[PDB]
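Chains as they are written, first to last, in the authors' numbering: chain B, 81 to 116, 121 to 184, 195 to 452, 457 to 694, 696 to 767; chain C, 80 to 113, 124 to 139, 142 to 184, 192 to 209, 221 to 226, 232 to 401, 407 to 767.
Every residue, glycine too, gets a C-beta built ideally from N, C-alpha and C.
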Amino acid sequence: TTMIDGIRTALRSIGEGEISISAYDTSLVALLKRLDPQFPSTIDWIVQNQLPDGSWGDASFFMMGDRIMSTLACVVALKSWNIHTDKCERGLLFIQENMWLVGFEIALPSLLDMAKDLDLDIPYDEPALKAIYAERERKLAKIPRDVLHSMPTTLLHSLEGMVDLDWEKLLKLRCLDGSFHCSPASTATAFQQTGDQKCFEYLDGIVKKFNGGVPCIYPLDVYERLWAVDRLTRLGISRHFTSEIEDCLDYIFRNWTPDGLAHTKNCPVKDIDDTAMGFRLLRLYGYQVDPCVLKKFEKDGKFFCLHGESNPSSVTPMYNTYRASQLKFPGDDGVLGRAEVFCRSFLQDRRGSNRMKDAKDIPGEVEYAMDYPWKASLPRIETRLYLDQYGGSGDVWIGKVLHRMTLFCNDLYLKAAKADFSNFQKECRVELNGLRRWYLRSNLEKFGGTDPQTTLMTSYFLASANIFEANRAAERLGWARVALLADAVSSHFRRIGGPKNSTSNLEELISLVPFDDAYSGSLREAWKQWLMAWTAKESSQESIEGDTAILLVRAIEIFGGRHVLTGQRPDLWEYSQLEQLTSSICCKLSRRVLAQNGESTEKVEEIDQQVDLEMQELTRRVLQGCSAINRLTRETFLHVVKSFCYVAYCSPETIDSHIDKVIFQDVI
Amino acid sequence: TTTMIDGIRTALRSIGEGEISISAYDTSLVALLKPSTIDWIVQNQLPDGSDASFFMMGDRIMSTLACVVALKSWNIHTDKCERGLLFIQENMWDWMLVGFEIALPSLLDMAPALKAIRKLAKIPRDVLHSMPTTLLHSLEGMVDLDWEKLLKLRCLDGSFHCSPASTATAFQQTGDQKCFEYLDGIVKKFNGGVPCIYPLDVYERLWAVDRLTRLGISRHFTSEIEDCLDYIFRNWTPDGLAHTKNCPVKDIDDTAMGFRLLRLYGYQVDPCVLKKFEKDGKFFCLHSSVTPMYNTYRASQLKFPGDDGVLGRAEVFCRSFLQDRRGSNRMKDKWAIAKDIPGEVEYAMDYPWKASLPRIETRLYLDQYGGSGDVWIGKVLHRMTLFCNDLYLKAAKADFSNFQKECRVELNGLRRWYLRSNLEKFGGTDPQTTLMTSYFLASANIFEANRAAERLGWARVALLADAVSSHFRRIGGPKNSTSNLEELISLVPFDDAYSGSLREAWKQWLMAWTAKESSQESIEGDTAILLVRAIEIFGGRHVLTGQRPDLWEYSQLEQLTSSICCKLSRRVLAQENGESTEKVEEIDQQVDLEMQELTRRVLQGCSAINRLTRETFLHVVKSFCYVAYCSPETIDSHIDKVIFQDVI
């Protein structure tokens with residue numbers, strides 16, 4: 081409990097960003113001379133963050149580009165100000181011996207050229223040096239200088255290595271805070287070249303905000319929120335921070351642009367990674383968002399990361415787009431349709447290859467996203483897996499320096515999640531152990547599977563994988579119980595021929611569900627209808643699965659005790675229409691599992708193609724958080740259907756390997 | 080409409096010392112003393138010169156003559172003075195007034222049918243001056259009147275037994291300023307003029323409540339009534355109640371009314387206050408007429424098993440007084456004179472508490488309440504404007520009509536419900552009366568507008584029980600049950616609240632058949648439990664879990680109702696097989712016992728079980744009792760007269 085409050089106070093205090101200080105950008109800001121050093125606290129930061137091998141940068145992850153480039157950039161500060169020559173050469177040793195990332199081949203050449211303007215014994219004569227110094231010109235050539243001055247671009251992030259540019263038409267391109275694409279390095283060098291006080295103002299605040307020392311990117315108010323939400327959400331503890339999450343999710347909605355989302359509010363250049371993350375979470379949490387904001391990253395069928403700079407697209411952004419395409423609504427622009435296909439192909443061509451590199459388990463995160471589309475993504479399934487995939491402090495981010503995200507790439511995030519999940523597994527085992535008794539002492543295993551522990555186990559598991567909450571135990575057990583009766587009864591009819599020869603008064607049977615003073619009567623009425631559905635759908639070809647599901651949501655709605663006001667006309671329609679979809683969607687599923696007869700891949704792929712279709716209009720009506728039906732009622736429909744889909748799209752082998760991994764393979 | 084209710088309501092809210100009519104006689108005795126009483130006497134004097144619409148021989152004279160010994164003795168407006176002096180000079184010739199043979203011959207003295226008026235010689239002087247007595251009410255015509263020890267006998271108001279008449283002459287003989295204080299107050303309080311007795315704060319209250327309750331409209335004034343019923347509890351004395359708080363001499367008429375109503379509204383009251391009025395096995399009025412014995416008798420019906428025996432003797436005695444007078448026109452009252460005096464008594468004497476249904480009692484009473492017609496016998500004819508009202512009847516006959524109208528509509532809902540549900544296939548041969556009778560019992564008790572859920576649910580649920588029970592008789596028992604009978608309750612309309620526990624209660628009632636079969640015990644006990652359980656589901660009342668004696672007191676109410684109804688369904692069975700009235704009435708007294716203990720637990724107005732829950736127990740059983748103690752011919756007379764004989 082203390083931990084939840086820990087994450088809460090961290091989220092309530094959300095802001096510009098929790099980022100690690102970058103050694104390179106801090107010393108490059110140290111290089112700015114008094115307006116009459122200008123930030124002696126940049127230097128005061130520098131002296132202390134020296135690693136024992138005499139080097140700099142990220143300590144916990146050793147990277148060549150990072151330890152070298154961060155180390156020397158601190159050196160070019162200490163010696164060019166002729167102070168602390170003790171550590172200055174002590175780290176000059178590190179550079180010499182280990183001489184054998196973003197903007198690396200642009201900021202490093204201007205940093206050696208800057209190393210020449212001082213004296214510093216460093217192997218410039220490196221065979222590795224010529225290969226990346228050649229790419230200096232291999233890129234400064236494909237960049238059109240007259241285009242770098244016309245529209246804000248990703249290049250403006252590396253102006254320390256840029257030579258002889260028109261600042262008259264460049265200051266027109268900065269971010270809203272005055273920064274040059276949010277690099278303090280690019281703004282320091284832009285200030286050495288022009289004294290724009292709004293371009294200074296970005297810099298001083300960044301050092302004031304950190305009491306010395308400055309990161310490699312700022313601010314990142316959007317990226318951080320979006321990703322902190324997705325992370326808490328996947329970890330299953332999102333329910334604890336509902337006001338805080340909906341607090342900053344609002345912020346993302348406020349700053350939605352028709353051109354997409356950037357990593358910060360005040361960056362005019364947008365990227366697909368942030369837009370897809372934003373689009374998914376905004377739609378997932380019930381906001382009105384239009385996916386057409388994506389066609390800004392489509393150029394002739396292909397999907398890049400920036401609007402124009404057709405760079406090679408990385409792996410993580412395509413994952414995040416693929417996920418956003420999974421919340422496809424039928425009324426949406428086709429761009430989301432095209433996006434799904436492209437991103438699936440991108441990640442499939444790469445799945446069978448270790449070319450999944452960009457974080458702890460990025461292939462596992464991706465296998466899931468591809469093997470379990472939305473219709474079959476049960477939140478506890480994803481969450482159990484995600485505990486074994488979330489990197490914690492292990493995740494590192496590739497910027498100008500190696501940097502880390504304090505707020506959402508946290509170790510407290512895991513300790514909290516694995517706690518809340520263990521208590522779920524504990525509450526789950528006691529839950530079913532109580533269920534097993536209930537099943538047996540009812541002469542109820544005589545009906546059902548030829549191994550009723552298996553028909554019980556999956557029937558309880560589905561309900562708990564979806565309605566997993568602490569207190570919602572009333573509903574969960576109700577779902578499991580009613581499910582078992584329905585399975586039992588369907589089994590009895592299947593090997594007897596129908597209610598035609600129902601010798602018994604099997605209406606009763608609900609009295610196997612314990613009497614609640616508010617629950618029992620209405621549950622009798624719903625169960626009566628499921629029976630009445632059998633005798634009518636009996637001597638025909640329509641399946642009953644549609645009505646089995648419809649009964650379920652009816653009970654789950656009786657437990658948990660919310661009713662649908664029926665005087666209001668649109669309240670009636672939205673409910674009555676949700677039932678139609680669930681009745682229709684589960685009936686089509688039961689037709690696919692019959693064609694798996697077992698022949699015609701062409702025919703099965705037709706049924707799948709249209710179930711996905713009807714699922715979209717359901718997913719729309721369930722998430723559309725303005726609809727006149729209670730969000731919990733809407734979730735109840737989504738829960739039942741997803742579980743039905745889950746079952747219909749999964750081998751019994753895969754299904755209980757999940758059961759073992761979520762309920763029994765204890766975390767912590 | 081409701082307009083009358085608010086009118087009657089504010090009348091109760093502004094209750095106080097009393098709203099009474101002025102007596103001309105007591106008003107004139109202030110002529111002997113002066124200041125506006127004569128200003129009133131002249132102003133109001135009737136066209137033939139002289142009470143009012145009830146002309147009575149005994150006192151039309153002094154209503155008039157005291158106007159003269161006032162007018163001529165101060166000699167003003169002698170024009171009207173003789174305009175009635177002609178009237179008296181001509182009409183000079192068991193229905194008599196109080197203090198007459200002492201207050202009239204002394205009224206003669208200031209100036221042949223009268224020649225008869232020796233009675234003031236049966237009075238003991240030594241007791242008249244030692245302890246207060248009712249003689250202090252009429253002291254104006256007395257010789258040998260030693261005042262030193264009489265002021266020791268006055269009321270707290272300063273009055274002599276609360277009569278201004280005995281108080282004026284007591285002032286000519288002593289200028290006592292605390293006795294003036296009473297007289298001064300009374301004439302200020304009526305802005306001229308004075309009644310023949312004052313104040314009446316207790317009597318007026320006790321009686322205004324009794325009237326609104328019997329008229330069935332008490333429910334409208336629950337806050338209004340318990341406001342002035344509190345006043346009675348506050349002024350309860352261990353020696354009884356007088357007609358005012360500040361009268362040290364107590365009477366049974368007030369004490370019985372106070373005791374009955376107080377215990378009735380759940381106040382804790384002890385009946386031993388009566389034995390102050392038992393004198394050698396007999397029950398006089400002071401420490407006897409008919410109307411007070413009635414008011415006693417009813418008070419005696421609220422006997423709890425723990426009470427002083429004085430209620431035991433009270434019931435037995437007063438029954439004898441009203442029977443020996445039953446077939447006789449000796450139902451005349453010497454205190455008052457009233458519209459339907461035997462009807463009030465006939466009922467109260469034929470139907471005890473166990474069978475006293477509120478809607479029946481209310482219906483009969485609407486035709487018995489005299490309104491302005493009733494007049495009360497004191498020194499003069501006087502009336503109670505507030506409590507002997509004509510508006511009381513107009514309003515009461517009103518919402519009772521609203522009840523008959525609302526009853527008739529539900530009946531059609533029940534008939535349709537009954538017919539379209541195939542339940543007439545059994546339930547005797549003539550279910551149209553099996554229906555009517557069952558709806559009546561529910562409506563005779565739970566008659567409110569807004570309690571309609573319960574009323575219909577009761578009747579519906581009872582109807583099923585008759586249906587199954589008759590069917591069980593016709594086939595030989597639950598031994599051989601051919602059918603699925605749990606499913607009949609789905610014939611009751613399906614509420615999301617009711618119909619789940621309503622099934623459970625019904626399932627349980629059936630189980631009583633299969634366990635109480637193979638036995639001799641009857642099932643009426645469980646049918647009665649079955650009803651009340653249903654009525655509680657419809658009314659949506661639960662028992663607070665945790666408080667232990669709530670559970671206990673509930674479980675005991677079920678015990679008592681089960682016992683009473685089992686015992687009940689044997690008096691009506693052994694009196695089928697005519698087993699001698701002495702043998703059957705051995706059970707009849709033994710039912711009276713458990714009924715008391717139930718009536719205790721219902722009116723024990725403080726246990727943590729809801730008042731409505733307890734009333735539900737009284738309601739079901741009272742209705743079970745009614746059937747057992749009523750000829751079926753009588754019951755149809757009630758139903759026709761309660762629902763179908765439209766008032767107004």
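Using beta-carbon distances, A616 (chain B) counts as an interface residue toward chain C, with a partner under 9 Å. The DSSP-derived three-state label of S332 (chain C) is helix.
For a Cβ distance threshold of 9 Å, residue set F613, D615, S618 and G619 of chain B lies close to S620 (chain C), ordered along the chain. Using a Cβ-Cβ cut-off of 9 Å, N729 (chain B) does not count as an interface residue toward chain C, since no Cβ of chain C sits closer than that to its own.
Per the coordinates, the alpha-carbon of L538 (chain C) lies some 29 Å from the alpha-carbon of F736 (chain C). The DSSP-derived three-state label of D509 (chain C) is helix.
Residue state for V494 (chain C) is assigned as strand, using DSSP reduced to three classes. Residue environment for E655 (chain C): buried (at least 16 other C-beta atoms within 10 angstroms of its C-beta). For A572 (chain B), same chain residues with a beta-carbon under 6 Å away, outside a window of 5 residues either side, are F657 in chain order.
DSSP places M194 (chain C) in the coil class of the three-state scheme, outside both helix and strand. Between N603 (chain C) and chain B, the shortest Cβ-Cβ separation is below 9 Å. Note: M503 (chain B) is bridge-paired with B:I99 in the DSSP secondary-structure output.
Shown here, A455 (chain C) sits in a strand according to DSSP, grouped into three states. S620 (chain C) carries a helical assignment under DSSP once its states are collapsed to helix, strand and coil.
With distances taken between CA atoms, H243 (chain C) lies nearest to C:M256 out of C:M256, C:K233 and C:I226.
The DSSP-derived three-state label of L582 (chain C) is helix. Short of 8 Å from the beta carbon of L583 (chain B), and not among the five residues preceding or following it, lie these beta carbons of its own chain, in chain order: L542, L607, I608, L610, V611 and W625.
Here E701 (chain B) is exposed, its C-beta having fewer than 16 other C-beta atoms within 10 Å.
Under the DSSP assignment, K741 (chain C) falls in the alpha helix (DSSP H) whose first and last residues are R730 to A747. Contact between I456 (chain C) and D493 (chain C) holds: CB atoms are separated by about 7 Å, below the 8 Å threshold. Nearest to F373 (chain B) by C-alpha distance, out of B:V323, B:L329, B:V464 and B:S407, is B:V323.
Not one beta carbon of chain C lies nearer than 9 Å to the beta carbon of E655 (chain B).
Within the same chain, and ignoring the five residues on either side of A561 (chain C) in sequence, the residues whose Cβ sits closer than 6 Å to its Cβ are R574, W577 and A578. Contact between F391 (chain B) and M412 (chain B) fails: their C-beta atoms lie close to 11 Å from each other, not under 8 Å. Using beta-carbon distances, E623 (chain B) counts as an interface residue toward chain C, with a partner under 9 Å.
Taking a beta-carbon distance threshold of 9 Å, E606 (chain B) counts as an interface residue toward chain C.
By the neighbour-count criterion, in which a residue is buried when 16 or more other Cβ atoms sit within 10 angstroms of its Cβ, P597 (chain C) is buried.
Looking at the DSSP output, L223 (chain C) shares a beta bridge with no other residue.
Judged by beta-carbon spacing, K473 (chain B) lies within the 9 Å limit of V740 (chain B), meaning their Cβ atoms are closer than that value. When Cβ-Cβ separations below 9 Å define contact, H401 (chain B) makes no contact with chain C. Note that the segment 98-105 of chain C touches the segment 306-323 of chain C; at least 3 beta-carbon pairs, one per stretch, sit closer than 8 Å. Setting aside the 5 residues that flank it on each side, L212 (chain B) is surrounded in the same chain by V160, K163 and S164, each with a C-beta closer than 7 Å to its C-beta; the list follows chain order.
Assignment of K236 (chain B) by DSSP, reduced to helix, strand and coil, places it in the coil class.
Shown here, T82 (chain C) sits in a helix according to DSSP, grouped into three states.
Secondary structure at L206 (chain B): helix, using DSSP grouped into helix, strand and coil.
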